[PDB]
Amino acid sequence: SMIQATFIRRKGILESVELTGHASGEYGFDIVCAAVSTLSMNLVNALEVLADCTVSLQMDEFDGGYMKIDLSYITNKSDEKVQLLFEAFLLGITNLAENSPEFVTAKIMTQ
């Protein structure tokens, strides 16, 4: 199947990412899925543990799976450590999109 990641950047800072497809494909897709799940879970964990950042997170396993990490209402969303971890996450997803376009599509939107 396909993983689609949609990032929203507002006033220069990353605020949210929405992913669909994280939950059935060939071997190659299983491997890409593992890479995306790992990066996603490490962002949430590193935000909480290392950047003193409470994340809003919606996740479900239905019809391909859905995940949204949303900092839009989080007080220290524009924090340097927060934004660094988010940028690193964006970098990893972008590299997967570049290396594995058959399995990953990324949209970055400024608002």
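We number the residues from 1 along the sequence you see.
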{"property": "Deposited residues omitted from coordinates between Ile13 and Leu14, as a class", "result": "none"}
{"property": "Which of 85-93 and 99-107 has higher mean CA B factor, as the PDB entry lists it", "result": "99-107"}
{"property": "33-41 or 57-65, whichever carries the higher mean Cα B-factor", "result": "57-65"}
{"property": "Position of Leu19 among the chain's modelled residues by C-alpha B-factor, lowest, middle or highest third", "result": "middle"}
{"property": "Chain third (lowest, middle, highest) by recorded CA B-factor, residue given as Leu47", "result": "lowest"}
{"property": "B-factor third for the C-alpha atom of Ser1 within its chain", "result": "highest"}
